[PDB]
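Report on the structure given below.
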Number of protein chains: 4
Amino acid sequence: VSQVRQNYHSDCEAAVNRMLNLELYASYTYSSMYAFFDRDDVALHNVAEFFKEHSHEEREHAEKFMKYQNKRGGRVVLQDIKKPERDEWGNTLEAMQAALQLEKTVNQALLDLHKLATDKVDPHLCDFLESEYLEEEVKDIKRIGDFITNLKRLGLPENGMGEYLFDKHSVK
Amino acid sequence: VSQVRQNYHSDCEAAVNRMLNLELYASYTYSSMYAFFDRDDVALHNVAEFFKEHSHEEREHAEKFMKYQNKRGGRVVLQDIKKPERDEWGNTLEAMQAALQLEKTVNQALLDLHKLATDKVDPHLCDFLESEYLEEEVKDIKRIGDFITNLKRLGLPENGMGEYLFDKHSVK
Amino acid sequence: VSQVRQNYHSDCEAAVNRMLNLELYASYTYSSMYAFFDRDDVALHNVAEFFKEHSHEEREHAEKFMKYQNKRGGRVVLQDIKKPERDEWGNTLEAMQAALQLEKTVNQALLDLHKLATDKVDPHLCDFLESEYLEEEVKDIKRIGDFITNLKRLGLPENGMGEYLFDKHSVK
Amino acid sequence: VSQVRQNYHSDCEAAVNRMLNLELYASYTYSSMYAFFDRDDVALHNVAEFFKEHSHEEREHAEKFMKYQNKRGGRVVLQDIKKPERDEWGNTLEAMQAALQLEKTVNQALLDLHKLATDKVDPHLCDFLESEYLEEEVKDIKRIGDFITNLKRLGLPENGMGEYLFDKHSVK
Ligand SMILES: [Cl-]
Ligand SMILES: [Cl-]
Ligand SMILES: [Cl-]
Ligand SMILES: [Cl-]
Ligand SMILES: [Cl-]
Ligand SMILES: [Cl-]
Ligand SMILES: [Cl-]
Ligand SMILES: [Cl-]
Ligand SMILES: [Cl-]
Ligand SMILES: [Cl-]
Ligand SMILES: [Cl-]
Ligand SMILES: [Cl-]
Ligand SMILES: [Cl-]
Ligand SMILES: [Cl-]
Ligand SMILES: [Co+2]
Ligand SMILES: [Co+2]
Ligand SMILES: [Co+2]
Ligand SMILES: [Co+2]
Ligand SMILES: [Co+2]
Ligand SMILES: [Co+2]
Ligand SMILES: [Co+2]
Ligand SMILES: [Co+2]
Ligand SMILES: [Co+2]
Ligand SMILES: [Co+2]
Ligand SMILES: [Co+2]
Ligand SMILES: [Co+2]
Ligand SMILES: [Co+2]
Ligand SMILES: [Co+2]
Ligand SMILES: [Co+2]
Ligand SMILES: [Co+2]
Ligand SMILES: [Co+2]
Ligand SMILES: [Co+2]
Ligand SMILES: [Co+2]
Ligand SMILES: [Co+2]
Ligand SMILES: [Co+2]
Ligand SMILES: [Co+2]
Ligand SMILES: [Co+2]
Ligand SMILES: [Co+2]
Ligand SMILES: [Co+2]
Ligand SMILES: [Co+2]
Ligand SMILES: [Co+2]
Ligand SMILES: [Co+2]
Ligand SMILES: [Co+2]
Ligand SMILES: [Co+2]
Ligand SMILES: [Mg+2]
Ligand SMILES: [Mg+2]
Ligand SMILES: [Mg+2]
Ligand SMILES: [Mg+2]
Ligand SMILES: [Mg+2]
Ligand SMILES: [Mg+2]
Ligand SMILES: [Mg+2]
Ligand SMILES: [Mg+2]
Ligand SMILES: [Mg+2]
Ligand SMILES: [Mg+2]
Ligand SMILES: [Mg+2]
Ligand SMILES: [Mg+2]
Ligand SMILES: [Mg+2]
Ligand SMILES: [Mg+2]
Ligand SMILES: [Mg+2]
Ligand SMILES: [Mg+2]
Ligand SMILES: [Mg+2]
Ligand SMILES: [Mg+2]
Ligand SMILES: [Mg+2]
Ligand SMILES: [Mg+2]
C-alpha cells in the first residue's frame, strides 16, 4: 500500500471512485440541459446558462474527489461517463424536475458514502463530505425546489408567457 | 428542419456530434494523466498541472462544438464518454507519447471533418475549424513533440534525475 | 486593367457589385421596420431601435464591399436601391419572420459568392467572406430565430401583453 | 468541577493532555532536524528551514490544545518533553522518512482521540479535531510522501547531486 495511506478502507476508496463517476455523470446531464435550452426552437438563454454553470460546478465536484483520493493514498480508477437519460428535456419545468431528481440521487450517494465512512471509523472522510458536499447539496436542492414551485405558479407547462417571465426574472 | 438551418448537411451535423464526443474523450484522458502524476508514488506536480490544464482546455473545445451545433440549427446528440485507455501512465515520457498520439488522433478527426465540410461546400464550417481548432492543434503537437525530445535527452525513462529536472524547468 | 488587379475575375467583380446592392437593400428594409415600430400606433421603441441598429450595420456591410472592390482593382458600379417589399410590417413576429427571410437571402448570396470565388480560385475573396461576413450572418440568423421562438411562446400575434413583454425584456 | 465544564469526560481531558505532549515532542524532533541540516558538514539550508517551520507549526498545535483544555474546563497537566530519538538524521531522505513516521504517529493519536470523543459522545471535541487537525495532517503526510518519492527518484541516499537539486528546487 501507499506510504501515505492511513485509516483508509478499501471499500471507502472504491466508493470514492464511484462517487467521482456520478459527479461526472451529473455534470454531463447538466451540459445536455444547457444545449437543449440553447436550441433555436427552445431559446431560453438564462435557463441554459444556469445549467451550464451547474455543469461546471459538478465537474469541479468530481475533481475534488480525484484530489481527495490521492491525498489519502487511494488510487483513482475511472469508468465510462454514461450519456444522459434523455436527449431533449421538454421545457423549463420538466428540466428542473429532472435536476431535482438528479440532485437527490447525488445527495443520496453522498449520504451513503458518509454512512460507509462512519461504519469504517473514517472521520476525515466524514468531515470532507460534511464540509465540501452535504451543505452545498441541501442549498442546491432547495434552490431547485423553489424554482419548481415558481414554474408551477407560472402555469408551466402550458403557459409560455410564464416560462418566458421565469427566464427573465428568476435564474439570476 | 430548424428555422435557422441553411447550407448545413446532415452528415456534417453528425460528424460535429462525433467530434464533440472525441474532444470529451480527450479531456477525460488528460484528467487521468493529471491524477496519475498527483499520486504520492509519482509526485510530479508541474507535470500533473500541465495535464489538468489540457483537460480543461479540451472540455472548452467540446463546449464550442455544442454551441456551433446550435448556431447552425443542428441538434446536439451525446454519447457515452469512454474511459481512458490506461489506468496508469508509466512516467512523464510515456504520458507525453500518449498525449502526442491523442492529439494526432484529434487532429486527424478535425482534418477529416474539414474534408467533409469541403465536400459538402460548407465554408462556415471550414472557417470554424481553421480559425478555432487547426492552428491550436499544430501548436499543441509541436509543444508535446518538443517535450518528448527533451525527455529523451534527459535520459527517460531510466534517468529519474532527468525526470525531476524536467518537472522543475519545463512545463511552465 | 488596373495596375493593382491580380487574380480577380470579372465575374467576381460583378458579383461583388451585386452583393453591395443587396446589402444596401437589406439596410433599407431594416430602416422601414424601424420607422414602422416608431409609429404612434405601433410604439415598440426597443424593437424599433433593434431594427435601426441592424440598418446601420447593413450599411457598413455595404461600405466594406466598396472598399474591397477598390482594393482588388475592381470598379464599383451602383444600381438603384429597391424600396422594401412592404410598407407596413404587421407586428413584432411578422417583422422578425421577414428579417429571418432577408438574412437567409443575404446569406445565400454570400454563400453563392463564396462558391464563385472558389470556382475562380480566389482565396483572398474566400477569406474576406469567411472572416467578415459568414459568421456574422450565422450569429444574426440564430439571434432572430431565437427571438421568433420567444415571440411564438409569448402568444404572438394575438397576445399584446406578450408583445409588450418582449419589447421590455428581449431586444437588449 | 469547573463552572464551565459540560459534557467533558475525564478520559478525554487526560487524552488531550497526552496529545499536547505529543505535539510538543513532534515540535522538538523537527527542531533537531533543523539543527542537523544547518550543520556545516550537512549544509542544506532550505531543508533545514522546512523543518524549522514544521517545528514552529507543531508548537502552535500544542498551544491550541492548551487553549482547548481551558475552554472546556479541563486542567492542563504537563509532562517532560522527551528528546528526539536520534541525534543525527543521516540525510534528506532518512529525515523525511522519519518525519513521515512521526506524522503518522501523531495522526494515529489524533484519530484515537477522535474515537474516544465519539465513544464519550463529545461532538465538540470531534469537531475540533476534524476542523483543526485531521485535514492538516492528511495534507502534511501527502506532502512528505511526495518528497520521499522525489528523493528516491533523485537517487538518494547515494546521489549527492540529487540531494543538492532537491534542496534547490523542492522545499519551497
Ligand atoms: Cl489504511
Ligand atoms: Cl482496507
Ligand atoms: Cl458543503
Ligand atoms: Cl414582467
Ligand atoms: Cl440545410
Ligand atoms: Cl442534409
Ligand atoms: Cl486555431
Ligand atoms: Cl538544475
Ligand atoms: Cl486579374
Ligand atoms: Cl477576368
Ligand atoms: Cl464574420
Ligand atoms: Cl462534564
Ligand atoms: Cl468524567
Ligand atoms: Cl485541519
Ligand atoms: Co424544432
Ligand atoms: Co450567455
Ligand atoms: Co455534485
Ligand atoms: Co477545474
Ligand atoms: Co449538483
Ligand atoms: Co451548487
Ligand atoms: Co418585468
Ligand atoms: Co505504489
Ligand atoms: Co498546483
Ligand atoms: Co481538443
Ligand atoms: Co466551459
Ligand atoms: Co488537445
Ligand atoms: Co492547446
Ligand atoms: Co535548476
Ligand atoms: Co393607425
Ligand atoms: Co431610443
Ligand atoms: Co449584411
Ligand atoms: Co460607415
Ligand atoms: Co444582416
Ligand atoms: Co478555404
Ligand atoms: Co480564414
Ligand atoms: Co449582426
Ligand atoms: Co563532520
Ligand atoms: Co534561511
Ligand atoms: Co502536530
Ligand atoms: Co504561539
Ligand atoms: Co506535524
Ligand atoms: Co461527525
Ligand atoms: Co465539521
Ligand atoms: Co502542516
Ligand atoms: Mg512504496
Ligand atoms: Mg481496494
Ligand atoms: Mg448506454
Ligand atoms: Mg460547511
Ligand atoms: Mg433562494
Ligand atoms: Mg419550426
Ligand atoms: Mg441527420
Ligand atoms: Mg469499455
Ligand atoms: Mg488563426
Ligand atoms: Mg515552444
Ligand atoms: Mg494604368
Ligand atoms: Mg468585368
Ligand atoms: Mg418597384
Ligand atoms: Mg471569424
Ligand atoms: Mg443569444
Ligand atoms: Mg467553582
Ligand atoms: Mg480526570
Ligand atoms: Mg530518555
Ligand atoms: Mg476543514
Ligand atoms: Mg503538493
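Note on naming: chains are A, B, ... as they come in the C-alpha cells, residues start from 1 per chain, ligands start from 1 in the order shown.
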### Task
Give me every helix (DSSP H, G or I) residue in chain D, going by DSSP on the backbone, as a VMD selection string.
chain D and resid 10 to 37 45 to 72 92 to 119 123 to 153 160 to 169
Kindly provide, as a PDB file with N, CA, C and O atoms, in the first residue's frame, all nucleotide and amino acid residues lying within 10 Å of ligand 37, counting only C-alpha atoms and all ligand atoms.
```
ATOM      1  N   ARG D  39      24.049  22.112  10.060  1.00  0.00           N
ATOM      2  CA  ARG D  39      25.447  21.855  10.348  1.00  0.00           C
ATOM      3  C   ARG D  39      26.327  22.187   9.186  1.00  0.00           C
ATOM      4  O   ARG D  39      25.965  21.979   8.031  1.00  0.00           O
ATOM      5  N   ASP D  40      27.557  22.628   9.485  1.00  0.00           N
ATOM      6  CA  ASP D  40      28.464  22.971   8.378  1.00  0.00           C
ATOM      7  C   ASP D  40      28.856  21.794   7.476  1.00  0.00           C
ATOM      8  O   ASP D  40      29.224  22.030   6.331  1.00  0.00           O
ATOM      9  N   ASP D  41      28.717  20.580   7.983  1.00  0.00           N
ATOM     10  CA  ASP D  41      29.030  19.358   7.262  1.00  0.00           C
ATOM     11  C   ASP D  41      27.810  18.655   6.680  1.00  0.00           C
ATOM     12  O   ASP D  41      27.899  17.551   6.147  1.00  0.00           O
ATOM     13  N   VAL D  42      26.690  19.384   6.736  1.00  0.00           N
ATOM     14  CA  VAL D  42      25.409  18.958   6.128  1.00  0.00           C
ATOM     15  C   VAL D  42      24.963  20.028   5.164  1.00  0.00           C
ATOM     16  O   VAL D  42      24.915  19.812   3.938  1.00  0.00           O
TER      17      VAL D  42
END
```
Compute the chain D side of the contact with chain B at 6 Å, counting only C-alpha atoms, and hand it back as a tab-separated table (two decimals) with C-alpha atoms, in the first residue's frame.
```tsv
chain	number	residue	atom	x	y	z
D	145	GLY	CA	5.31	11.26	0.91
D	146	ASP	CA	5.60	13.23	-2.34
D	149	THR	CA	9.17	9.76	-3.82
D	153	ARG	CA	13.86	9.36	-7.89
D	154	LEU	CA	16.85	11.68	-7.35
```
### Selection: 10 Å around stretch 129-139 of chain C, only C-alpha atoms, excl. self and same-chain fewer than 2 positions, as a VMD selection string
(chain B and resid 4 to 6 68 71 to 73 123 to 128 131) or (chain C and resid 61 64 to 65 103 to 104 106 to 108 110 to 111 113 to 114 117 123 to 127 141 to 145)
Enumerate as a short mmCIF file (atom, residue, chain, number, x, y, z; two decimals) with N, CA, C and O atoms, in the first residue's frame the residues within 12 Å of ligand 9, counting only C-alpha atoms and all ligand atoms.
```
data_model
loop_
_atom_site.label_atom_id
_atom_site.label_comp_id
_atom_site.auth_asym_id
_atom_site.auth_seq_id
_atom_site.Cartn_x
_atom_site.Cartn_y
_atom_site.Cartn_z
N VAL C 1 -6.47 47.04 -67.81
CA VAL C 1 -6.92 46.75 -66.38
C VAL C 1 -6.08 47.53 -65.40
O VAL C 1 -5.03 48.07 -65.68
N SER C 2 -6.61 47.59 -64.21
CA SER C 2 -5.99 48.34 -63.08
C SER C 2 -4.59 47.77 -62.86
O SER C 2 -4.40 46.56 -62.90
N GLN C 3 -3.69 48.64 -62.45
CA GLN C 3 -2.31 48.24 -62.08
C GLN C 3 -2.23 47.34 -60.87
O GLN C 3 -1.27 46.62 -60.72
N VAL C 4 -3.23 47.41 -60.02
CA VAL C 4 -3.24 46.59 -58.81
C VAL C 4 -3.88 45.22 -59.01
O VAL C 4 -3.67 44.30 -58.25
N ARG C 5 -4.66 45.07 -60.03
CA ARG C 5 -5.53 43.88 -60.17
C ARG C 5 -4.67 42.63 -60.41
O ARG C 5 -3.75 42.61 -61.25
N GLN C 6 -4.96 41.60 -59.64
CA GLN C 6 -4.23 40.34 -59.75
C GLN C 6 -5.16 39.24 -59.24
O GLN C 6 -5.64 39.29 -58.10
N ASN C 7 -5.36 38.21 -60.07
CA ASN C 7 -6.16 37.07 -59.71
C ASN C 7 -7.61 37.46 -59.37
O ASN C 7 -8.22 36.79 -58.49
N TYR C 8 -8.14 38.46 -60.05
CA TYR C 8 -9.51 38.94 -59.73
C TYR C 8 -10.39 38.84 -60.97
O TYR C 8 -10.29 39.61 -61.90
N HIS C 9 -11.23 37.84 -60.99
CA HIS C 9 -12.07 37.55 -62.17
C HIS C 9 -13.18 38.56 -62.33
O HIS C 9 -13.79 38.98 -61.34
N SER C 10 -13.47 38.90 -63.60
CA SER C 10 -14.54 39.78 -63.96
C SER C 10 -15.86 39.34 -63.33
O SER C 10 -16.68 40.16 -62.86
N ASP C 11 -16.10 38.04 -63.27
CA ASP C 11 -17.37 37.54 -62.74
C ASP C 11 -17.44 37.82 -61.24
O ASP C 11 -18.54 38.12 -60.70
N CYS C 12 -16.30 37.74 -60.54
CA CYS C 12 -16.27 38.03 -59.10
C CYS C 12 -16.51 39.52 -58.86
O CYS C 12 -17.24 39.89 -57.93
N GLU C 13 -15.85 40.34 -59.65
CA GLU C 13 -16.03 41.79 -59.58
C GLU C 13 -17.51 42.14 -59.71
O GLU C 13 -18.05 42.94 -58.93
N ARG C 72 -9.05 45.46 -54.65
CA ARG C 72 -8.70 44.42 -55.61
C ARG C 72 -8.48 44.95 -57.05
O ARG C 72 -8.09 44.25 -57.94
N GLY C 73 -8.77 46.23 -57.23
CA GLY C 73 -8.68 46.88 -58.55
C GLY C 73 -9.91 46.72 -59.42
O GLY C 73 -9.89 47.05 -60.59
N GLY C 74 -11.01 46.24 -58.81
CA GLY C 74 -12.31 46.29 -59.44
C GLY C 74 -12.88 47.70 -59.39
O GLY C 74 -12.30 48.61 -58.84
N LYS C 120 -13.32 30.24 -59.18
CA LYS C 120 -12.34 31.06 -59.87
C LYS C 120 -10.96 31.04 -59.16
O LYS C 120 -10.07 31.77 -59.60
N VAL C 121 -10.83 30.27 -58.09
CA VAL C 121 -9.54 30.08 -57.36
C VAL C 121 -9.05 31.44 -56.85
O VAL C 121 -7.93 31.88 -57.11
N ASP C 122 -9.94 32.08 -56.07
CA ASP C 122 -9.68 33.41 -55.45
C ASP C 122 -9.71 33.26 -53.92
O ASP C 122 -10.75 33.45 -53.27
#
```
### Message
What's the separation between atom CA of residue D:109 and atom CA of residue D:70, in Å to one decimal place?
### Response
20.4 Å
#### Entry: Who sits within 12 Å of residue D:95, only C-alpha atoms, same chain under 2 positions skipped, as a ChimeraX atom specification
/D:29-37,47-48,50-51,85-93,97-102,144-145,147-148,151,156-157
Could you save the residues just selected, with N, CA, C and O atoms, as a short mmCIF file (atom, residue, chain, number, x, y, z; two decimals), in the first residue's frame?
```
data_model
loop_
_atom_site.label_atom_id
_atom_site.label_comp_id
_atom_site.auth_asym_id
_atom_site.auth_seq_id
_atom_site.Cartn_x
_atom_site.Cartn_y
_atom_site.Cartn_z
N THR D 29 11.43 17.24 17.85
CA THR D 29 12.05 16.41 16.81
C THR D 29 12.36 17.24 15.57
O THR D 29 13.43 17.15 15.00
N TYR D 30 11.40 18.03 15.13
CA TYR D 30 11.64 18.87 13.98
C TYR D 30 12.75 19.89 14.25
O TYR D 30 13.52 20.23 13.34
N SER D 31 12.84 20.41 15.47
CA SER D 31 13.94 21.32 15.80
C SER D 31 15.28 20.66 15.64
O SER D 31 16.24 21.27 15.16
N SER D 32 15.36 19.39 16.07
CA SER D 32 16.57 18.63 15.92
C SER D 32 16.95 18.46 14.45
O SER D 32 18.12 18.50 14.06
N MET D 33 15.95 18.19 13.60
CA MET D 33 16.20 18.07 12.15
C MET D 33 16.71 19.38 11.63
O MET D 33 17.67 19.35 10.83
N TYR D 34 16.08 20.50 11.96
CA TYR D 34 16.57 21.81 11.56
C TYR D 34 18.08 21.95 11.89
O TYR D 34 18.90 22.33 11.04
N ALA D 35 18.44 21.65 13.16
CA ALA D 35 19.81 21.89 13.59
C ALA D 35 20.75 21.01 12.80
O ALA D 35 21.87 21.40 12.45
N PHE D 36 20.35 19.80 12.50
CA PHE D 36 21.19 18.87 11.75
C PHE D 36 21.47 19.39 10.35
O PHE D 36 22.62 19.38 9.88
N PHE D 37 20.44 19.84 9.63
CA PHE D 37 20.64 20.29 8.26
C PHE D 37 21.35 21.64 8.17
O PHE D 37 21.84 22.01 7.10
N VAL D 47 16.19 22.72 3.27
CA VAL D 47 15.72 21.58 4.06
C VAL D 47 15.61 21.94 5.55
O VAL D 47 14.64 21.66 6.24
N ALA D 48 16.66 22.58 6.05
CA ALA D 48 16.70 22.99 7.45
C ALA D 48 15.51 23.87 7.77
O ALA D 48 14.84 23.72 8.80
N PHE D 50 12.66 24.15 6.20
CA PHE D 50 11.43 23.36 6.16
C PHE D 50 11.13 22.75 7.51
O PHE D 50 9.99 22.83 8.02
N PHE D 51 12.14 22.15 8.09
CA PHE D 51 11.96 21.51 9.40
C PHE D 51 11.76 22.54 10.51
O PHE D 51 10.98 22.28 11.43
N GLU D 85 14.49 10.90 19.07
CA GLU D 85 15.02 9.54 19.01
C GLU D 85 16.45 9.44 18.58
O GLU D 85 17.14 8.50 18.92
N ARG D 86 16.85 10.41 17.75
CA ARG D 86 18.17 10.42 17.16
C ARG D 86 18.76 11.79 17.40
O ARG D 86 18.06 12.79 17.49
N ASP D 87 20.09 11.79 17.40
CA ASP D 87 20.89 12.99 17.47
C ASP D 87 21.33 13.56 16.10
O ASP D 87 21.74 14.69 15.99
N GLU D 88 21.33 12.68 15.14
CA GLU D 88 21.75 12.97 13.79
C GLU D 88 20.80 12.24 12.85
O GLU D 88 20.34 11.15 13.20
N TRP D 89 20.56 12.77 11.66
CA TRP D 89 19.42 12.33 10.84
C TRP D 89 19.81 11.82 9.44
O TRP D 89 18.96 11.59 8.59
N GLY D 90 21.11 11.53 9.28
CA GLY D 90 21.60 10.89 8.07
C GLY D 90 21.70 11.77 6.84
O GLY D 90 22.80 12.19 6.41
N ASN D 91 20.55 12.03 6.26
CA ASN D 91 20.45 12.79 5.00
C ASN D 91 18.99 13.16 4.80
O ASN D 91 18.15 12.81 5.63
N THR D 92 18.67 13.85 3.73
CA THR D 92 17.36 14.37 3.49
C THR D 92 16.32 13.23 3.44
O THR D 92 15.20 13.37 3.88
N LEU D 93 16.67 12.14 2.76
CA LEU D 93 15.74 11.03 2.66
C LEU D 93 15.45 10.39 4.01
O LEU D 93 14.27 10.17 4.37
N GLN D 97 11.79 10.36 5.81
CA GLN D 97 11.21 9.10 6.25
C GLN D 97 10.83 9.15 7.72
O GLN D 97 9.75 8.66 8.11
N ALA D 98 11.72 9.69 8.51
CA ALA D 98 11.45 9.83 9.98
C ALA D 98 10.26 10.78 10.21
O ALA D 98 9.40 10.55 11.08
N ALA D 99 10.19 11.86 9.43
CA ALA D 99 9.09 12.83 9.54
C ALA D 99 7.76 12.16 9.17
O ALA D 99 6.74 12.41 9.81
N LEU D 100 7.79 11.33 8.11
CA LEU D 100 6.57 10.62 7.72
C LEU D 100 6.09 9.76 8.85
O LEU D 100 4.89 9.74 9.19
N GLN D 101 7.01 9.01 9.44
CA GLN D 101 6.61 8.14 10.53
C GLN D 101 6.09 8.94 11.74
O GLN D 101 5.14 8.51 12.37
N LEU D 102 6.75 10.05 12.06
CA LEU D 102 6.30 10.93 13.14
C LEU D 102 4.90 11.44 12.91
O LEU D 102 4.04 11.39 13.80
N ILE D 144 4.92 15.10 2.52
CA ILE D 144 6.14 14.40 2.87
C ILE D 144 6.33 13.16 2.03
O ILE D 144 7.42 12.87 1.57
N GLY D 145 5.24 12.41 1.79
CA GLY D 145 5.31 11.26 0.91
C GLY D 145 5.76 11.63 -0.49
O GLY D 145 6.61 10.97 -1.08
N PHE D 147 7.60 14.19 -1.25
CA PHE D 147 9.04 14.50 -1.16
C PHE D 147 9.85 13.22 -1.19
O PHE D 147 10.89 13.13 -1.88
N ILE D 148 9.45 12.20 -0.40
CA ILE D 148 10.17 10.92 -0.36
C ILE D 148 10.28 10.34 -1.74
O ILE D 148 11.32 9.84 -2.17
N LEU D 151 12.85 12.22 -3.65
CA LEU D 151 14.23 11.95 -3.15
C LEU D 151 14.74 10.60 -3.67
O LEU D 151 15.90 10.42 -4.06
N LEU D 156 18.73 9.32 -3.94
CA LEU D 156 19.16 9.28 -2.54
C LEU D 156 19.15 7.85 -2.05
O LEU D 156 18.30 7.06 -2.46
N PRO D 157 20.03 7.52 -1.11
CA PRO D 157 21.00 8.39 -0.46
C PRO D 157 22.31 8.64 -1.15
O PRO D 157 23.01 9.58 -0.81
#
```
### Message
What does the list of residues within 9 Å of ligand 47 look like if you count only C-alpha atoms and all ligand atoms, written as a PyMOL selection string?
### Response
(chain A and resi 82-85) or (chain B and resi 79-80)
